[PDB]
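Two forms of the same protein chain are encoded below as C-alpha cells; each is given separately, as structure 1 and structure 2.
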Structure 1
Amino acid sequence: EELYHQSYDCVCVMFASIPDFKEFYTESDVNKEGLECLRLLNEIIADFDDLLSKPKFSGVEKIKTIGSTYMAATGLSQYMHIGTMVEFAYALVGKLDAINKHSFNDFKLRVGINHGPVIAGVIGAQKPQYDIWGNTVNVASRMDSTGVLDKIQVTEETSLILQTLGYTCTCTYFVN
C-alpha cells in the first residue's frame, strides 16, 4: 500500500545506448531467428556489468537495461561521482570494442549523462521494478536519445562540473 521512495540530490544518471543494434538484429537461418543476436547482446551487457566489480566503479549502480540501452548511476549512496560516471561510460566503450573485434561487428555507444536530484522507488504490485524517476533522469535520457554515436552528450550544467574535474567538453557539450 506504501510507495517505496527515497529522494537523493545530485546523482549522476547515464543512458548508454547502442542505437545500431535494432538494425543488426535479424531473425533468419544464419541467426537462428534472433537467438544469435540476443546472445551477442547478452554478451555485451554481461561484459558491461563486469565493470561494476571494478573497485574503480564501486560507486556505480546499474539500475537496469531497456532493450540494449544501459542505465546506471553514481550518487545513490559533489562532482567526483559525476566524473566517475564519465569514466564508466568510457569503460563501456572499451568493452564494446573488445566485443566488436571478437564478433566482427562495429557497434557504437551513444551515451547521455546528467546529474541532479532524483527519486528512486519501486512501482507496481506484480513484478516490482526499482527505477530512478525525475527530471534529471528524463534529461539524462534526452542527452542519450539526442546524442551522437561514440560520444557522451552532457548538459550545460554538468559540463561545467566536469571541467571543474578535468574533462575538456566540446561545445551540445560532448566528451571523450
Structure 2
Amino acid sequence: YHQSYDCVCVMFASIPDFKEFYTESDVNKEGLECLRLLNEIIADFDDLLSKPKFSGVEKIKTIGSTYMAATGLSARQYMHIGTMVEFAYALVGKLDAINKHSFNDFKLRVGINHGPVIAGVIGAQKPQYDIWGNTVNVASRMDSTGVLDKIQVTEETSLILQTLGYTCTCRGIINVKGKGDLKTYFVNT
C-alpha cells in the first residue's frame, strides 16, 4: 500500500569524480578493484544510520555512486529538514576519511528539497521501498546542477533552514530541465 506524506525532506549526494576514477584493466580485474572502493565508501555512509542523532534518517537507495536518503517518513515541526543537512555534513567527514587512506580527493555534491511524496512499493517483482513525486525530482535536480563541496537547496527549503538558524547564499536563477527558472540557494558551512 502507498501512503501520502506532507513534509518529507529528500537528499541526493553524488560523487561526480568517481565515474572518471573507474577504469577496466587486467590489473584492476576488469574494474572489480574500483567497485571494491565504492563498496567501502557506501559502507561508511551506511554506518552513520546507527548513530542516535540519525535515527530519523531513512536510506532509500544508492543510484550508481549517488546516495539517496530522506527524513520525515516516521510522521520544530521542521527540525527533520535541518537534520538532513546535518547528515550531509557527516557524509563529507566519511568521504574525507576514505580519501585519506585511498590517496584520492573525492568530493561530495549535495542537493536537498522538501514537500509531499508518496511512499511504498511499486511493480510486481521485489518489495523495494521507494518515494515518488515532484519533490523527489527537484531534490535530484539540486544535485545534478550543484557545485562540489556545496549543498544546494530550493527557495522554500532555504526559508525553513533560516528559521532553524541556517545561513544561505543565493546561487541565482537557473533553468532546471522540466521546471524552468528556479531561484536556488547554497547552505553556508
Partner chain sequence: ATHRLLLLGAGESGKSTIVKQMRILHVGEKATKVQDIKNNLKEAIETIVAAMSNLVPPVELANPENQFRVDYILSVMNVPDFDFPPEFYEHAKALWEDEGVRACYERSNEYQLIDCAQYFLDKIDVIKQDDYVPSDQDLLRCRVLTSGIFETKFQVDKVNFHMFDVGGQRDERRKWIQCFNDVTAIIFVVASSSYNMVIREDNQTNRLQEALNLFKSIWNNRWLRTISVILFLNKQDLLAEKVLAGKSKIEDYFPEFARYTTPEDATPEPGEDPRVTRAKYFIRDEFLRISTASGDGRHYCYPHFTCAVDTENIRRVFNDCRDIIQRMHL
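Quick note, the numbers are simply positions in structure 1, starting from 1. Rigid core here is just the name for the largest C-alpha set that superposes within 1.5 Å across the two forms.
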Form deposited without its partner chain, given as structure number: 1
The mover among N138, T26, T146, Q129 between the two structures, judged by a CA shift of 2 Å or more on the rigid core, is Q129
Taking the rigid core as reference, the Cα of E36 travels between the two structures a distance in Å of 1.2
